[PDB]
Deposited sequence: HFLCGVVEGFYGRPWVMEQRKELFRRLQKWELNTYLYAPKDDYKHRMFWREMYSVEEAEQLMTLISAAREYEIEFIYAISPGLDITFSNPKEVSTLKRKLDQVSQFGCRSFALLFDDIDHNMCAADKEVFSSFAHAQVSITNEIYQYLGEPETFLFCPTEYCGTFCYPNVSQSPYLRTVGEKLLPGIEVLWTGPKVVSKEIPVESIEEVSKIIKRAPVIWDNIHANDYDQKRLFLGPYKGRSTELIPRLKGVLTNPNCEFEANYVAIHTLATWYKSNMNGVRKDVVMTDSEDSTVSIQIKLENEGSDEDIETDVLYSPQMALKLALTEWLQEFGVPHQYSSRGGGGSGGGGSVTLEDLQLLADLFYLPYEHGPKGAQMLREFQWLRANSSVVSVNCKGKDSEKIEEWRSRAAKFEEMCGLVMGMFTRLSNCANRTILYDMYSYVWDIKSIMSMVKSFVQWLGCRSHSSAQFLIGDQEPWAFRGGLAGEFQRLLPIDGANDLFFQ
């Protein structure tokens, strides 16, 4: 059974139970089938992974695992012991069984052991390598829980760039593919952490070394790695030819829950297709518009508002066409500040485009869905403030920002080394 859905696997404030239940509704509404629970800073998932859940947390996880069953989403419970586990100490192993047993009595039946970060001297004696230590404990938790239907394993070398010396010849992956039990699945993020493309030939290459088709943990829409970035563009860079070669695809999307309508809608479109990223974004935006109401009044947002907004917060390696256009046009205006009529005519057209950013922010702050507006607020306010300043500046040619973080970044020479 091919797994396709969402992993909540980013850093920072995790989602809340009501947001996750609502996630289960949209996964079901769009015919996806999986949720992987792995919030990096939900303290009992990784930092304090040994602490069992309290009476009140047990009641919230049981309720959340029941909702996943109600909406026919498979619930996968992950745990990340890798930061301070002692693999050779029986009580660490018993604690890891005791804590999965407690989640198992909450209704959960599928699990994952993740090893995404960074070996003690006591385990150098018992285990021949880091890959042997993880595979030993993963296999033993696997068999100890009755060999569950779905059990996932995220390796430490979880992408091409993290493979040493490379994918095909890695000591680490080779031990994993040889000694990890055939029934356990392997997570893989592609050639990179955030893969621009995931080529079929790269998936073939990792499948030989790990001896099975991987489950993609996809970071295409993840935004936890830069405060100013948001990704509302379509699922893209993965050919539908990957589907016969994969055990599943689970996206790790933006931290702000309401901003992942497009990211999950288009992945669902891609899973059912063969696939046009631009057509997928138009179906996702057209459906999304219905959620931007006007408050009922007893005493606004357009489709082109959302097209502009997505083009300004698109994808990690690409801007949408309206974003690249306004940025190409402002480069030309700045560079060329007869030819005089051209400059003013194109400056006039560019201030109008700036006005459309201001107008999209204004109608978005009038919408009835306060949740969507709050999740995206700082991003939309920021792009509006800047374009209001850019617009002023274009007019001028015609007449501490960022904090300490910003001041250090301007002093690095690769500051705008990827600008257009």
Non-modelled portions of the deposited polymer sequence, in sequence order: 119 to 121, 277 to 314, 341 to 351, 390 to 401, 464 to 480, 502 to 504
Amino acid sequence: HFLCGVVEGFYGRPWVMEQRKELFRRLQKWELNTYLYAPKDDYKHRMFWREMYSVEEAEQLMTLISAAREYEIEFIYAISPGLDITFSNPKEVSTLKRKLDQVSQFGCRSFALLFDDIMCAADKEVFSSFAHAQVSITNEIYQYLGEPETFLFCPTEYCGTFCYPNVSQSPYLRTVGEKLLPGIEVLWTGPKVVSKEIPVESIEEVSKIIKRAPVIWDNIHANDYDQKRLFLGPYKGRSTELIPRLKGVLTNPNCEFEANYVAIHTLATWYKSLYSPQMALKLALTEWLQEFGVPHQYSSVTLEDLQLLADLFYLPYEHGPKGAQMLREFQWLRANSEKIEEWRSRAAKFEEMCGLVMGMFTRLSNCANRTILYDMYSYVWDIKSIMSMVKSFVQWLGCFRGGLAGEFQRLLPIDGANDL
From here on, numbers count along this sequence of modelled residues.
Comparing 62 to 70 with 374 to 382, the one whose average Cα B-factor in the PDB entry is higher: 62 to 70
Residue range whose averaged C-alpha B-factor is higher in the record, 315 to 323 or 121 to 129: 121 to 129
Residue, from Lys339, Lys282, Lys247, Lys236, that the PDB entry assigns the highest Cα B-factor: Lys339
Candidate residues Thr189, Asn252, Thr150, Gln227, the one whose C-alpha B factor the record puts highest: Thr150
Where the record places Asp42 (Cα B-factor, split into thirds across the chain): middle
Ranked C-alpha temperature factor of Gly160 among modelled chain residues, by third: lowest
Ranked against its chain, the third holding the CA B-factor of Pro277: lowest
B-factor third for the C-alpha atom of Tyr35 within its chain: lowest
CA B-factor placement of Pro413, once the chain's modelled residues are sorted into thirds: highest
